[PDB]
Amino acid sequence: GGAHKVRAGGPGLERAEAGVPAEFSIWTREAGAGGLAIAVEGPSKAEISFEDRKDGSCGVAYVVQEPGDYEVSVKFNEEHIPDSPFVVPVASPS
């Protein structure tokens, strides 16, 4: 219960460019209430900015600096929503 009811989507969960923000959204509504957390694993640090919007919807953007393969993960009460973690490739600026 809880996590399976959450949904996320965006460009940020399918591909990104080194240096340029990768955005996506999460919708909780229908799940319990508690805590959403987002994590990025890969060959470089990630700057993650977070926004709860008075919509019961939440919006995310992060930056990474190195090409390579990353894993973005969204978790509700410390467990993965459907499709988390998302295998997200990063390529160099054009």
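Rigid core: the largest C-alpha set superposing within 1.5 Å between the two forms. When you see a residue number, it is the position in the sequence shown, counting from 1.
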| property | result |
| --- | --- |
| More shifted region, core-based fit in 5 other deposited structures of this protein, 27-35 vs 59-67 by CA | 27-35 |
| Segment of higher mean CA temperature factor, 64-72 or 26-34 | 26-34 |
| Chain thirds of CA B-factor: placement of residue 8 | lowest |
| Residue 41 CA temperature factor, ranked by third within the chain | lowest |
